[PDB]
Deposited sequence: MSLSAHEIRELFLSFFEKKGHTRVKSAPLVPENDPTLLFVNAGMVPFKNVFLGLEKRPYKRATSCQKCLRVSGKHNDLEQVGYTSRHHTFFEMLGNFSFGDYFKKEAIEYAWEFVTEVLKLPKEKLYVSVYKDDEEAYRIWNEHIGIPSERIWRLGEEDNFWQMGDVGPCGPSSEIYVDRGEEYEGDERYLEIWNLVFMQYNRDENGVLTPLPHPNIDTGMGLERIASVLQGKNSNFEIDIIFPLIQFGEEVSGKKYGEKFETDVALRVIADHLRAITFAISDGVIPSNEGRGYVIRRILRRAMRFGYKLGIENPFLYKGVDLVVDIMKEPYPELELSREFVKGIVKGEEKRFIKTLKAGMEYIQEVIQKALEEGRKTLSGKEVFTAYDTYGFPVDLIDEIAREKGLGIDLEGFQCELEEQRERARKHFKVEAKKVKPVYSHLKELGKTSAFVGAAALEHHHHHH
C-alpha cells in the first residue's frame, strides 16, 4: 500500500540513483516572479534553466514541489470540494532533464518506478502519446513492451504541453492505470503520470523549430498516486488528508459519507487547512490585495462552509497546529512557523467570524425574497452590499447563491462599482473602469 510519505521519499531517492539531483522544494511564492503568485508545477522554478538562461551544476533534477492551483488556467478552486480529485494545495513529483536525456530515458525511467519499484501491475496500464508519434509510439510499444492495444493517439487537447502561447513545447505522453470494471472513465483509468518532452520552439506564432537540446518535464500529483496504492476512491481518504476530514466531524457534529453537500463542506475544510498553513508558512500575509486576498478567500470559504456545518466559533486555527504532524517529515520547517501560522489563521477567524454570519442571513433573505418573485439573479446592488458591508468575495457570494439556484448578475454589479467609485470622485489595488467586476473578484472593496 505504502504511505504518502514513503511514496515521496522513494520517488526522490529513485532518480538520484540515476543521476538526477534532489532540488529542495522552492517556496510556493517565487522570490522574483511577479509573473505568477503561487507555483503550480514542479517545472515553474526551473523555467529559466529549461530555456537555458540559468546555469546549473547538474543536467538532471528530481523533486516534489508545493503547488497552488487557485488561479486561471490552472485554477481548480471553483470545484474544490465538489469532487474527489481537485485541490488548491498539492504536491507534484517528477524529474527533469535539460538538453540531456530525452524520450527514451524518460520513458524507461518512468516505466521502472511503476512496475518494479512501487509494485503496481503492468497489465492494467494504458499509455497515451502524440498521434503521429511514430517516435514515441515505437518506444512504448517495442523497447518498453507496452501492448499496442493499450496505446491511444490523442490531440493537443490531450498531449501538447506548451510553456506559453509562445515557447518550449513538445509531445507529451501520459501513463494511465486501470482501476476495476465497476467504475469507468477518468476514474477507472487514472493518469498518475505526465511526461512532457520539450521538443520545439513555438515562436510568436505556431512555427515550431526543433531544439538541439530538447528538455524533459514530468509531473505526478502525489495525492493522486498515493490513493490508488492505498485502494481508496477518494484522494482525501488517505493518511495524509483523512485525519483532516476527521477534524471537521469532531468540531462540527456531522459525519463523512451521508449527505452530498455535507461531504462537500468537509472536504473544503480539509483542503483549505493545508492551503492556508503552507501559504502563511512561506511568508504570505492575508490582505485586501492579490496574494493576501487569495489565502483570505481560501480561508473565508473555510469559515463559511464550516459555519454551514454548525461550527459557531472559530475552528480552523485548531487545524494549522495539525497539518504540521501530517507534513513535518518532508517539510520540517513547518514546526518553526507553526505558532506563527496559528495566530495568523486565528486572526482571520476571531477578526472575521461574526461578519460572515451577519453576511449569511443577508444572502439567504435576499435570495428567498428574490426566488419568491421569480427573479433569476440578484441585482448587482444585492451583491455589492455583501462585497462591501460584509467584505464578501465576489466568488463566495456566487457560490452560496448557486446552492439555491440563483446566480448573480455581473453587469449590474459593474454599474454599481462605477456609481460607487464615481460617487467618491463626486458625491495598493488599482482597477480599470470596465475591469471593475473583473478585478473586484480578485480583491476586496477596500482595495478598489
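- Taken in order along the deposited sequence, the stretches absent from the coordinates are 1, 429 to 437, 459 to 465.
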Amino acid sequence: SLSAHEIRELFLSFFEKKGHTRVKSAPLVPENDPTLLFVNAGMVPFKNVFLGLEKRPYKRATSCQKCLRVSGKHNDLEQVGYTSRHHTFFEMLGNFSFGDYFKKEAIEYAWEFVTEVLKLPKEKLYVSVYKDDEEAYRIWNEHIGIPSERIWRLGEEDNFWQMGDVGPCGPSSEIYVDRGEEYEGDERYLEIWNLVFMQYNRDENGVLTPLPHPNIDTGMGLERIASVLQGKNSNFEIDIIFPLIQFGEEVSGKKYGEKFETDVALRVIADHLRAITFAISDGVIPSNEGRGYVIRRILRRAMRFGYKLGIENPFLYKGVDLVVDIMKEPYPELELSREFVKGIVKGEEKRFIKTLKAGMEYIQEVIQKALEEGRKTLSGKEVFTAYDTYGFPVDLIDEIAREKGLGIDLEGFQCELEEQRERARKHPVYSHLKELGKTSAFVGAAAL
From here on, numbers count along this sequence of modelled residues.
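Take the two forms, find the largest set of C-alpha atoms that superpose within 1.5 Å, and that set is the rigid core.
- Farther on average from this form in 5 other deposited structures of this protein lies stretch 319 to 327, the comparison being between 319 to 327 and 103 to 111 by RMS Cα distance after core superposition.
- With 85 to 93 and 155 to 163 as candidates, the stretch whose CA atoms show the greater average offset from this form in 5 other deposited structures of this protein after a core fit is 155 to 163.
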